[PDB]
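Chemist: The structure's right below; bear with me while I get my questions together.
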Amino acid sequence: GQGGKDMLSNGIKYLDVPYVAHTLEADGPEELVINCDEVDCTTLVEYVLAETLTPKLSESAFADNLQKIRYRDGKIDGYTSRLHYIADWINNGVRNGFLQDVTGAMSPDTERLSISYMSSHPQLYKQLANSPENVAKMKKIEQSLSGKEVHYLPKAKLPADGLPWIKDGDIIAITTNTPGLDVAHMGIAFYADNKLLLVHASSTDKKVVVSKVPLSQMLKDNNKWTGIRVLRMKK
Ligand SMILES: CC(=O)N[C@@H]1[C@@H](O)[C@H](O)[C@@H](CO)O[C@H]1O
Ligand code: NA
Ligand code: NA
Ligand code: NA
């Protein structure tokens, strides 16, 4: 449908934008940061979704949509209000009416969430390493996310040519066997000559690209990547 076409075309607008890590991590209070010229895999998806959700004929409306995507119920309240874990990010979008969990309906396979990476490794995050308060807030979030079943598509069940229930513009969250982490990477689904490719911010290519191999191959090539969750904008 048109929503998917628009998600895809807005993602295509980001081709060649440089990959830069940690663009949201300035010192000081957590505030809404907009850096559309330097992205990572998650900020790319957030900007594309925010733009596509914003009716087009507004900087203020774009920012408001970005805020509702990036923060728990759209309320900015410190580092831990940012939806760092993609399971939580998905739940926020489902609860607040702007995402559908497509794998939730279409894939019979499920995995029990076990989320704890950030509190387990606080040295890796500036806003945790010296903030026992933030670490405690993250542990509470982690414990509430963990133990829930979610649906996913195991990577062996994803063909090169995709599946008919995965559509152009869908948001792809790549599941991972890293202990304590649910999702490792994200991008936007793009069928090119019937192959299901990914539009994504690639750290290796140092920019936003159309994948050279199908999503199925991307998954095969990383032993830690176990499958995908498929989400869809609801507008
Ligand atoms: C668990 C984790 O590391 N989540 C980070 C999140 O903190 C960050 O806001 C986002 C955009 O940079 O990238 C995610 O990977
Ligand atoms: Na699993
Ligand atoms: Na994991
Ligand atoms: Na073909």
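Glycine also receives a Cβ, built like all others from the backbone with ideal geometry; neighbour counts cover every protein chain displayed. Nothing in this text is a laboratory measurement; each read-out follows from the coordinates by a stated rule.
Chemist: From the list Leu153, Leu198, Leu231, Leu158, which residue is closer than 28 Å to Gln2 by Cα, in contact with a strand residue (DSSP E or B) (Cβ under 8 Å, 6 or more places away or on another chain), within 16 Å of ligand 4 (Cβ to nearest atom) and not acidic (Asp, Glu)?
Modeler: On the way: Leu153 fails: within 16 Å of ligand 4 (Cβ to nearest atom); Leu198 fails: within 16 Å of ligand 4 (Cβ to nearest atom); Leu231 fails: within 16 Å of ligand 4 (Cβ to nearest atom).
The unique qualifying residue is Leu158.
Chemist: Counting just the residues of the range 161-205 that are within 16 Å of ligand 3 (Cβ to nearest atom) and within 20 Å of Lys234 (Cα to Cα), which one comes out surrounded by the most Cβ atoms within 10 Å (Cβ to Cβ)? Break it down into steps so the answer makes sense when it comes.
Modeler: From the range 161-205, those within 16 Å of ligand 3 (Cβ to nearest atom) are 173-186; that's our starting set.
From what is left, the residues that are within 20 Å of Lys234 (Cα to Cα) are 173, 186.
Working: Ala173: 26, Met186: 24.
Looking at residues that are within 16 Å of ligand 3 (Cβ to nearest atom) and within 20 Å of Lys234 (Cα to Cα), I get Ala173.
Chemist: What pairs come up if the first residue lies in the range 135-152 and is surrounded by 12 or more Cβ atoms within 10 Å (Cβ to Cβ), the second is among the acidic types (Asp, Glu), and their beta carbons are under 7 Å apart, counting only those six or more places apart or on different chains?
Modeler: Going by the 7 Å Cβ cut-off, the qualifying pairs are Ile141/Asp88; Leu145/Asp88; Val150/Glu111; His151/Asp109; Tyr152/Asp109; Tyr152/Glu111.
Chemist: For a quick check of your reading of the model, give me the residue pairs whose first member lies in the range 188-210 and is basic (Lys, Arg), whose second is within 16 Å of ligand 1 (Cβ to nearest atom), with beta-carbon atoms closer than 7 Å and at least 6 apart or on different chains.
Modeler: Note: pairs meeting the criteria are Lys206/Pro18; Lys206/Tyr19; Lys207/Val17; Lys207/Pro18; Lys207/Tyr19.
Chemist: Mind listing just one residue for me: the one in the range 1-41 that is of a type in the set (A, V, I, L, M, F, W, C) and in a helix (DSSP H, G or I) and, of those, nearest to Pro55 (Cα to Cα)?
Modeler: First, pick out the residues of the range 1-41 that are of a type in the set (A, V, I, L, M, F, W, C): 7-8, 12, 15, 17, 20-21, 24, 26, 32-34, 36, 39, 41.
Pick out the ones that are also in a helix (DSSP H, G or I) and you get 7-8, 12, 41.
Details: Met7: 13, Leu8: 16, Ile12: 18, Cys41: 24 Å.
Checked the range 1-41; the qualifying residue nearest to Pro55 (Cα to Cα) is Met7.
Chemist: Here's another thing I want to ask about it. Which one of these is surrounded by 14 or more Cβ atoms within 10 Å (Cβ to Cβ) and over 16 Å from the mean Cα position of the chain (by Cα): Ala63, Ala50?
Modeler: On the way: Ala50 fails: over 16 Å from the mean Cα position of the chain (by Cα).
Residue meeting the stated conditions: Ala63.
Chemist: Can you run down the residue pairs with Cβ atoms below 6 Å, 6 or more apart or on separate chains, where the first is in the range 66-85 and on the phi > 0 side of the Ramachandran plot and the partner is part of a loop (DSSP other than H, G, I, E, B)?
Modeler: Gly78/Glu30
Chemist: Do we have any residue at all in the range 220-227 that's within 14 Å of ligand 1 (Cβ to nearest atom), touching a strand residue (DSSP E or B) at 6+ places or on another chain (Cβ under 9 Å) and of a type in the set (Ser, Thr, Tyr)?
Modeler: no
Chemist: Which pairs do you get when a residue that is at negative phi, found in the range 160-179, comes within reach of a residue that is within 16 Å of ligand 4 (Cβ to nearest atom) and among the small types (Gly, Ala, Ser), reach meaning Cβ atoms under 7 angstrom, with the pair 6+ apart or on two chains?
Modeler: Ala160/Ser216
Chemist: Regarding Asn96, is this residue buried (at least 18 other Cβ atoms within 10 Å of the Cβ) and more than 26 Å from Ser211 (Cα to Cα)?
Modeler: Working: buried (at least 18 other Cβ atoms within 10 Å of the Cβ): no; more than 26 Å from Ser211 (Cα to Cα): yes.
Taking the combined requirement at face value, the residue does not satisfy it.
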